[PDB]
Amino acid sequence: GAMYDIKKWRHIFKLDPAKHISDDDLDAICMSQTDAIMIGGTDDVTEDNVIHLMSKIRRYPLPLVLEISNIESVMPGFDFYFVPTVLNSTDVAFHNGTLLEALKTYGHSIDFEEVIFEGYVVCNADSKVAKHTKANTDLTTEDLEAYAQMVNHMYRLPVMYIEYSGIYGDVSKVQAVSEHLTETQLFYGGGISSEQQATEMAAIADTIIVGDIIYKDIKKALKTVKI
Amino acid sequence: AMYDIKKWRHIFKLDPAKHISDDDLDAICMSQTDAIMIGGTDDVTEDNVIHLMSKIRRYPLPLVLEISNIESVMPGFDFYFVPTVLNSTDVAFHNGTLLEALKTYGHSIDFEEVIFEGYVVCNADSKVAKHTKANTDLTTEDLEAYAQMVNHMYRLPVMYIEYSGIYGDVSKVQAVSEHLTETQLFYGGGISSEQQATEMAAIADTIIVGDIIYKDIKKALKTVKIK
């Protein structure tokens, strides 16, 4: 089952369950070389369409993961749950606050082997996720490096997630951050929309996460896997 | 074997602001304690720590520093215990301050000797609770969730139940232990009798004794006789 060893993942397609994906486009990505399909949507996951989406996704043989945002999103059935802790958020709620309530609720029966805690760092000052988590987006390269160090040596977390929220972020900073991660895997997301960019980043980061372009140019999207 | 925290059962904890006689100091360092921890939940008086270290280093037992604030950071200790107050309402006590420290000292820290502690402040009327704006209304469920969170999500080496000066709720500590497996349970707060040291050192992995050292050196040395 090399299929389910996140450490080997290089590319993940991230679906916003709130947007419409056609069955042919869905088939396209699920058939691709991508390592996993991730359902996200940083807010009020609408149980209804998430289940619609996973029903379709389970017809293919590839890891289906959920990016839990809020206690509302928690649903059984996924292969992995990626739980973020927004390191640069100024509200304890996105640190461990929400997670404490989820655990209060489902603690009794979670299989922590399938849960993955991610050091999440919001880097796009003008994003829904930056404004919701009251994230302190004024980050210098030193700040990111301190964060990387904090993730890599102090919490020693399996994943550090650089989230540029839709726009292609600062390659140099991502590059600075990768420098300090060693034991921790580096996930990058934000703006990839060209085999060129996917290759640039997948070079620095360990796993790249392509999302928006799926709903804009399925053909370009499929290009991001060629990294 | 001396420096493997996982075998430690008792730790004597010295407030560097309080005075301790050369003879009481001698007594604790000669005891069966596994280590001396210099704490003081506030502004370490760079002055008396060096004095205390000076006397303590004549004995061969581990000397550890519990860093509270970025001020405390100094060389010469066997291990540095860094807290993250999980039930604090202020990001500064989650990782805020830590991020600063890392910006400054990041370049020269031997992370091998740094130990990240999952801290849960449990005494509503404590300087530490008021300082870190800790949310001290914790049910057993809450504590269990916290345990789970430390043990499985953060997967930190130590979860520290801090009852700040008073002997806490044995049942709750017992509940918390239930969930820690890979994580070492440190307990502190009120042990002042061979009886209490013994009760707790049965539930927790390591009991931390402090206040009684300055009140009844004879009773204090009774706390290391934990069966």
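Respectively, the protein sequence lines represent chains E and L.
Count along the first sequence starting at 1, add 13, and that's the number in my numbering.
Each step along the second sequence adds one to the number in my numbering, with nothing skipped, and position 134 is 127.
Think of the CB as a built atom: it goes at the ideal place given N, C-alpha and C, for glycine as much as any other residue.
Original post:
Which chain L residues are close to E:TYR168, counting only those with a beta carbon under 9 angstroms from its beta carbon?
Top reply: Residue numbering aside, residue 168 of chain E sits at position 155 when the first sequence is read from its first letter. Within chain L, the residues near E:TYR168 are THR77, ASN88, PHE109, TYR147, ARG148 and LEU149.
Original post:
Skipping 5 residues on each side, what residues in its chain have a beta carbon closer than 7 angstroms to that of L:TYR(-4)?
Top reply: Position 3 of the second sequence, counted from the start, is the residue given in the question as residue -4 of chain L. Excluding positions up to five away in sequence, the list reads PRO55 and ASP71.
**OP:** Tell whether a beta-carbon distance below 8 angstroms holds between E:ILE19 and E:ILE123.
**Re:** Here residue 19 of chain E refers to the residue found at position 6 of the first sequence. Here residue 123 of chain E refers to the residue found at position 110 of the first sequence. 8 angstroms or more divides the Cβ of E:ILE19 from the Cβ of E:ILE123.
Original post:
Quick one, which of L:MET146, L:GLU106 and L:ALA127 has its alpha-carbon nearest L:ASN116's?
Top reply: The sequence position of residue 116 of chain L within the second sequence is 123, counting from 1. Selected option, being the one with the closest Cα: L:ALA127.
**OP:** Just confirm the distance between the C-beta atoms of L:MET46 and L:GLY32, as a whole number of angstroms; I'd bet it's less than 8 angstroms.
**Re:** On the second sequence, position 53 is the one that residue 46 of chain L refers to. On the second sequence, position 39 is the one that residue 32 of chain L refers to. Cβ atoms of L:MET46 and L:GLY32 stay farther apart than 8 angstroms, at about 13 angstroms.
**OP:** For the beta strand (DSSP E) holding L:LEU173, just list the boundary residues, first then last.
**Re:** Along the second sequence, one-based indexing puts residue 173 of chain L at 180. First-last for L:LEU173: undefined, no H or E at that position.
Original post:
Closest by CA to L:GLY99, which one among E:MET167, E:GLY120 and E:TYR119?
Top reply: Indexing the second sequence from 1 puts residue 99 of chain L at position 106. When each option's Cα is compared against that of L:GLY99, the closest is E:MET167.
**OP:** May I ask you to report which of helix, strand or coil DSSP gives E:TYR177?
**Re:** Within the first sequence, the letter at position 164 stands for residue 177 of chain E. Here E:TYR177 sits in coil by DSSP.
**OP:** Measure the alpha-carbon distance for L:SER186 versus L:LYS212 and round it to whole angstroms.
**Re:** Along the second sequence, one-based indexing puts residue 186 of chain L at 193. Along the second sequence, one-based indexing puts residue 212 of chain L at 219. Distance between the alpha carbons of L:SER186 and L:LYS212: 6 angstroms.
**OP:** Please say whether L:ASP27 and L:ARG2 have beta carbons closer to each other than 8 angstroms?
**Re:** By one-based count along the second sequence, residue 2 of chain L stands at place 9. By one-based count along the second sequence, residue 27 of chain L stands at place 34. Yes. Within cutoff.
Original post:
Three-state secondary structure (DSSP) at L:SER101?
Top reply: Residue mapping note: residue 101 of chain L aligns to position 108 of the second sequence, counting from 1. It is helical.
Original post:
Is L:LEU45 helix, strand or coil when you go by DSSP?
Top reply: To locate residue 45 of chain L, count along the second sequence from 1; it is residue 52. Of the three classes helix, strand and coil, the one that applies to L:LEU45 here is helix, per DSSP.
**OP:** Check whether the Cβ atoms of E:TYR94 and E:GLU126 sit closer than 8 angstroms, and answer yes or no.
**Re:** Counting from 1 along the first sequence, the entry for residue 94 of chain E is found at position 81. Counting from 1 along the first sequence, the entry for residue 126 of chain E is found at position 113. Not closer than 8 angstroms, so no.
Original post:
CB-CB under 8 angstroms to L:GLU192, same chain, minus the five flanking residues each way: which ones, in chain order?
Top reply: Sequence index remark: in the second sequence, residue 192 of chain L carries index 199 (1-based). These residues qualify, in order along the chain: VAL163.
**OP:** Could you pull out every residue in the same chain whose Cβ sits closer than 7 angstroms to the Cβ of E:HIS193, ignoring the five residues on either side in sequence?
**Re:** Taking the first residue of the first sequence as position 1, residue 193 of chain E is located at position 180. Only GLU158, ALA161, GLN162 and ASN165 meet the Cβ criterion.
**OP:** Whole angstroms is fine: what's the gap from L:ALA85's alpha carbon to E:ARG71's?
**Re:** In the second sequence, the residue the question calls residue 85 of chain L occupies position 92. In the first sequence, the residue the question calls residue 71 of chain E occupies position 58. Cα to Cα, L:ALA85 sits roughly 42 angstroms from E:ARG71.
Original post:
Would DSSP call L:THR82 helix, strand or coil?
Top reply: The count along the second sequence starts at 1 and reaches residue 82 of chain L at position 89. Residue state, collapsed to three classes: coil.
Original post:
Are L:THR129 and L:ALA122 closer than 8 angstroms when you measure CB to CB?
Top reply: Stepping through the second sequence from its first residue, residue 129 of chain L is reached at position 136. Stepping through the second sequence from its first residue, residue 122 of chain L is reached at position 129. Yes; because the gap between Cβ atoms is below 8 angstroms, this pair is in contact.
**OP:** Report yes if the C-beta distance between E:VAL99 and E:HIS108 is below 8 angstroms; otherwise report no.
**Re:** Indexing the first sequence from 1 puts residue 99 of chain E at position 86. Indexing the first sequence from 1 puts residue 108 of chain E at position 95. Against a cut-off of 8 angstroms, the Cβ pair of E:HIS108 and E:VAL99 comes out as a contact.
Original post:
Around the C-beta of L:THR176, are 16 or more other C-beta atoms found within 10 angstroms, so that it is buried, or is it exposed?
Top reply: If you number the second sequence from 1, residue 176 of chain L lands on position 183. Counting other Cβ atoms within 10 Å of its Cβ, L:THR176 reaches 16 or more and is therefore classed as buried.
Subject >> Interface flag, E:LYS144 vs chain L, CB-CB below 8 angstroms >> reply: On the first sequence, position 131 is the one that residue 144 of chain E refers to. For E:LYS144, the answer is no, since every Cβ of chain L falls outside 8 angstroms of its Cβ.
Original post:
Going along the chain, which residues of its own chain have a beta-carbon closer than 7 angstroms to the beta-carbon of E:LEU170, five neighbours each way excluded?
Top reply: Taking the first sequence and counting its residues from 1, the one referred to as residue 170 of chain E is at position 157. Excluding positions up to five away in sequence, the list reads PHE130, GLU131, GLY132, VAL164 and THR197.
Original post:
With 16 other CB atoms within 10 Å as the buried threshold, where does L:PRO9 fall?
Top reply: Indexing the second sequence from 1 puts residue 9 of chain L at position 16. Buried, since its Cβ has 16 or more Cβ neighbours within 10 Å.
Subject >> Segments assigned alpha helix (DSSP H), at least 4 residues, entirely inside the region 22 to 67 of chain L >> reply: 39 to 49
Original post:
Taking C-alpha atoms, which residue in L:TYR156, L:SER81, L:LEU92 and L:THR97 lies nearest to L:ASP118?
Top reply: By one-based count along the second sequence, residue 118 of chain L stands at place 125. The shortest Cα separation from L:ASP118 among L:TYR156, L:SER81, L:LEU92 and L:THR97 belongs to L:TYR156.
Subject >> Whole-number beta carbon distance between E:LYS27 and E:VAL223, since they are thought to touch under 8 angstroms >> reply: Indexing the first sequence from 1 puts residue 223 of chain E at position 210. Indexing the first sequence from 1 puts residue 27 of chain E at position 14. That pair is a contact at about 7 angstroms.
**OP:** Can you give me, in chain order, the residues of the region 117 to 142 of chain L that have a beta carbon less than 8 angstroms from any beta carbon in chain E?
**Re:** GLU134, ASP135, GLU137, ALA138, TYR139, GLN141 and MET142
Original post:
Is the beta carbon of E:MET88 less than 8 angstroms from the beta carbon of E:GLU60?
Top reply: Here residue 88 of chain E corresponds to residue number 75 of the first sequence, with the count starting at 1. Here residue 60 of chain E corresponds to residue number 47 of the first sequence, with the count starting at 1. Yes, these two residues count as a Cβ contact at 8 angstroms.
**OP:** For L:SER81, go through chain E and note every residue whose CB falls closer than 9 angstroms to its CB, in chain order.
**Re:** The sequence position of residue 81 of chain L within the second sequence is 88, counting from 1. Per Cβ cutoff of 9 angstroms: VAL105.
Original post:
So what does E:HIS24 bridge to, in DSSP terms?
Top reply: Taking the first sequence and counting its residues from 1, the one referred to as residue 24 of chain E is at position 11. Note: E:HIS24 sits in a beta bridge opposite E:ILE221.
Original post:
Would a C-beta distance cut-off of 8 angstroms place L:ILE154 and L:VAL217 closer than the cut-off?
Top reply: Reading the second sequence from its first residue, position 161 is the one you call residue 154 of chain L. Reading the second sequence from its first residue, position 224 is the one you call residue 217 of chain L. Their beta carbons are not under 8 angstroms apart, which means L:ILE154 does not touch L:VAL217 by this criterion.
Subject >> Candidates E:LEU112, E:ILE25 and E:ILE34, of which the one nearest E:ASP230 by Cα >> reply: Counting from 1 along the first sequence, the entry for residue 230 of chain E is found at position 217. The option with the nearest alpha carbon to E:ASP230 is E:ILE34.
Subject >> Amino acids of chain E, ordered along the chain, whose beta-carbon sits closer than 8 angstroms to that of L:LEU91 >> reply: On the second sequence, residue 91 of chain L is found 98 positions in, with the first residue counted as 1. Taking a Cβ-Cβ threshold of 8 angstroms, the residues of chain E close to L:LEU91 are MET163 and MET167, in chain order.
Original post:
On the three-state DSSP scale, how would you describe L:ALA195?
Top reply: Taking the second sequence and counting its residues from 1, one reaches residue 195 of chain L at position 202. Residue state, collapsed to three classes: helix.
**OP:** Please confirm whether E:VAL187 and E:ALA218 have their CB atoms less than 8 angstroms apart.
**Re:** Counting from 1 along the first sequence, the entry for residue 187 of chain E is found at position 174. Counting from 1 along the first sequence, the entry for residue 218 of chain E is found at position 205. Yes.
Original post:
Between which two residues does the beta strand (DSSP E) harbouring E:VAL128 extend?
Top reply: On the first sequence, residue 128 of chain E is found 115 positions in, with the first residue counted as 1. Its beta strand (DSSP E) spans residues 128 to 135.
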